[PDB]
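Geometric and topological summary
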Amino acid sequence: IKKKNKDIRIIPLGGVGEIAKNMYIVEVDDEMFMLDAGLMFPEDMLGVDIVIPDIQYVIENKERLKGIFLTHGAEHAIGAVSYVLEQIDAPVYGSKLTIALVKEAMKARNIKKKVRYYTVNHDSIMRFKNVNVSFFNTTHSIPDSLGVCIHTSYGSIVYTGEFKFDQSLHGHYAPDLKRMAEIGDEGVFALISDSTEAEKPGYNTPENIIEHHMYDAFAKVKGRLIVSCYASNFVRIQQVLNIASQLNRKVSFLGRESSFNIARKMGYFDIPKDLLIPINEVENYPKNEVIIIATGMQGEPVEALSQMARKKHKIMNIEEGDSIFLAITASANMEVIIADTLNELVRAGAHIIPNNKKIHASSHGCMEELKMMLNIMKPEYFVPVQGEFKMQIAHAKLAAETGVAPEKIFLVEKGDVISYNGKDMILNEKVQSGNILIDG
Ligand SMILES: [Mn+2]
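Residues numbered from 1 in each chain as written, not as in the entry; some residues may be left out. Heavy atoms only, no water. Residues with missing side-chain atoms left out of burial classes, pairs and counts.

Regarding how it was determined, this PDB entry cites X-ray crystallography in its header, along with a resolution of 1.25 Å.

Take a look at the structure:
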């Protein structure tokens, strides 16, 4: 008698009907797994710093939680982890970089409670009573990103995390195409995949082409340059460093960097000597010899840029003639603050470097990249996540184009329970879900 699985549940607690705050619960009989535990920055809400998922359902069932599996070190994947760990004790699995960044987050909140970290890579197989869990490298804007593969007797449940495909990224950004093909060939029962850019035809612009266009843009800047991006966009940061070196500009960080210091020590960045300067040293240089990378005190870049624009920032403000490169991907949640910030910058006499119409810059696969993942995985059932409802619908259309049966595509809201019993996949239950608002 071999152990066989009977009942599966997939429950989004965050990351659907929105693009951040990923958190997906998978249950296989009496074992429960949490896939990601992200935060989201507040929508144009009052006195809120961050929003995290309501995990009451997990707390009610906490004796069954076997682990928290983190795909990558960005706030969309790990921003709620410290808050989850206050409520429940479970092991935390993630790549070496992901684990280091979670530790830094715990340290920043002065949480001294013991945590069971377990570093994993693409050769790790974690064995539980009901299932085994394996991992594969993905391409994203932070290295050491992993997809998660839960092996069941019905086939695999694959969670992509956030990903794209771009042959100009290498090393710790290279995707495990052969391992992914093997997972697909062996049989995927359900694919849970990132819908963020599912509305956008084609492919993301390759990062080499982006870097070349950034060079051209930056070369035209006559005064100071401020780059606004996520601290977790290591690709963009590296590009800025490269370009600064070529243009004889110094680089200074404005924002909490913790992430950079940790990643540099682990060897993730290529940094010229004498390139980086402390932020208090910037006013000592000519304006045309500095780039400031402004990533946000809390990790939210547009808030920091808004402060600078309105001359409200504690450390450094915008001045007339400054140029702004906004390297962020707008969401519905953010479109008001972005619009307001752009207006504030123009009022302040700053120059916003235009979007190139020929460039589509994102960290998430556009249609053809999502189709590539669908065609490699060949899932039986499909659950588009990480998106507003319209993105999830666009992704569902891609799945149907690739051959997924339309009746096997599930469009879910937070708290919905997709369930399988070996006979039928249903959506017939809801659990508690929602937004927990966090301030200072
Ligand atoms: Mn991400």
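Continuing now.
1. Quick notes on the coordination of the manganese ion
Convention followed: A 2.8 Å cut-off from the metal defines N, O and S donors, relaxed to 3.2 Å for Na, K and Ca; water is not in the atom list, so some sites may appear incomplete. For the purposes of this entry, the term helix denotes a DSSP run of H or I that reaches at least four residues, the term strand denotes a run of E that reaches at least two, and both are numbered from the N terminus. Summary of the burial criterion: residues with accessible area below 20% of their type's maximum are buried, those above 50% are exposed, and those between are partly exposed, where the area comes from a 1.4 Å probe applied to protein chains only.
Every protein donor of the manganese ion is listed here as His 72 (NE2), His 140 (NE2) and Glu 162 (OE), and their distances to the metal cover 1.9 to 2.5 Å. We note that the donor set of the manganese ion lies within a single chain, spaced as H-x67-H-x21-E. Linking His 72 in the loop between β5 (65-69) and α2 (75-78) with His 140 in the loop between β9 (132-138) and β10 (145-152), this pair joins segments that are 68 residues apart in sequence. Residues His 72 and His 140 agree in their burial class; the two are buried.

2. What to know about the side chain of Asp 416
Definition in use: Two N or O atoms count as a polar contact when they lie within 3.5 Å, although within protein this holds only if one can serve as hydrogen donor and the other as acceptor, and sequence-adjacent residues are included solely when both atoms are side-chain atoms. The contact criterion used throughout is that any non-hydrogen atoms of two residues lie within 4.5 Å.
Structurally, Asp 416 is set in strand β19 (residues 416-420). Of the residues examined, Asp 416 reaches a relative accessible area of 9% and is grouped as buried. A distance of 3.2 Å separates polar atoms of two side chains, one belonging to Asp 416 and the other to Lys 430. Apart from the residues within four sequence positions on either side, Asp 416 is in contact with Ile 10, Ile 11, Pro 12, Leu 427, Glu 429 and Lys 430.

3. Overview of the sheet that holds strand β8 (residues 125-127)
Operational definition: One requirement defines pairing of two strands: DSSP has to find at least two bridges between them. Axis lines are fitted to C-alpha atoms, over the contacting stretch for helices. Their N-to-C directions set the angle, which ranges from 0 to 180 degrees.
On the basis of which strands lie adjacent, the open sheet formed by six strands has the order β8-β9-β10-β11-β12-β18 and mixed pairing. The sheet is open, and its two borders are formed by β8 and β18 (381-385), each paired with just one other strand. The average undirected angle you get between the axes of adjacent strands in this sheet is 20 degrees. Of the strand pairs in this sheet, β9 and β10 are connected by seven bridges, and their pairing is antiparallel. If you follow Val 133 over to β10, its bridge partner there is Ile 150. In the packing of helix α12 (residues 389-402) onto the sheet, the strands contacted are β12 (188-194) and β18, and the crossing angle to β18 comes to about 150 degrees.

4. Some points on the environment of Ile 10
The residue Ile 10 is located in strand β1 (residues 8-14) in this model. Judged by its relative accessible area of 3%, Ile 10 is buried. Placed 23 residues apart in sequence, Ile 10 and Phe 33 show a C-alpha to C-alpha distance of 9.8 Å. Residue contacts for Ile 10: discarding those within four places in its chain leaves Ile 25, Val 26, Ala 190, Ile 192, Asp 416, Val 417 and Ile 418.

5. With respect to the environment of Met 391
Residue placement: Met 391 occurs in helix α12. Taking the relative accessible area as the measure of exposure, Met 391 reaches 7% and is therefore buried.

6. What to know about the domain arrangement of the protein
Under the convention used in this document: The split of the chain into domains comes from an automatic or database domain assignment. Following the grouping adopted for this structure description, the nonpolar residues are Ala, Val, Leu, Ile, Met, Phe, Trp, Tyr, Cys and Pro, the charged ones are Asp, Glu, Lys and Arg, and the polar ones are all others, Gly among them.
Each assigned domain of the protein is listed with its residue range as follows: domain 1 (8-202 + 362-438) and domain 2 (207-352). For domain 1 and domain 2, the distance between their C-alpha centres works out to 30 Å. Listed per partner, the contact involves 25 residues of domain 1 and 19 residues of domain 2. Counting residues per element, the side of domain 1 that touches domain 2 draws most heavily on helix α4 (residues 96-108), at five residues. Looking at the side of domain 1 that touches domain 2 residue by residue, the classes come out as twelve nonpolar, four polar and nine charged.

7. Some details on the state of the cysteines
Short version of the rule: Pairs of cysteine sulfur atoms within 2.5 Å are identified as disulfides in what follows.
Per the stated rule, a full pass over the model turns up zero disulfides. You can see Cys 366 has no disulfide; the closest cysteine sulfur is in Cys 229, sitting 19 Å from it. Judged by its relative accessible area of 0%, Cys 366 is buried.

8. Here's the deal with the packing of aromatic side chains
Under the convention used in this document: Put simply, two rings from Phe, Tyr or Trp (the six-membered ring, in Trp's case) pair if the centres are within 6.5 Å, and we call them stacked under 30 degrees between planes, edge-to-face over 60, tilted for the rest. Placement of a positive charge over a ring is assigned whenever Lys NZ or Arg CZ falls within 6 Å of the ring centre and within 35 degrees of the normal to the ring plane.
Under the counting rule described, the total for this entry stands at 19 aromatic pairs. Centroid distance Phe 33 to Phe 128: 5.2 Å. Interplanar angle 75 degrees. Geometry classified as edge-to-face. This pair shows no difference in class: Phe 33 is buried, exactly as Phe 128 is. When the ring of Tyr 154 is compared with that of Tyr 420, the centres are 4.9 Å apart and the planes differ by 85 degrees; the resulting orientation is edge-to-face. Judged by relative accessible area, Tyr 154 falls into the partly exposed class, the value being 24%. Among the aromatic residues, those joined into a ring-pair cluster are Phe 33, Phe 69, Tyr 93, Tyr 118, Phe 128 and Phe 135. One residue, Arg 109, lies across the ring of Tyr 83, its end atom 3.8 Å from the ring centre. Between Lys 408 and the ring centre of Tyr 381, over which it is positioned, the NZ or CZ distance is 5.2 Å.

9. Quick look at the side chain of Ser 362
For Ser 362, the position within the fold is in the loop between β17 (351-352) and α11 (367-377). Here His 364 takes part through its backbone oxygen, which lies 2.8 Å from a polar atom of the side chain of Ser 362. For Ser 362, the residues in contact, after removing those within four places along its chain, are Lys 164, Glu 197 and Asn 204.

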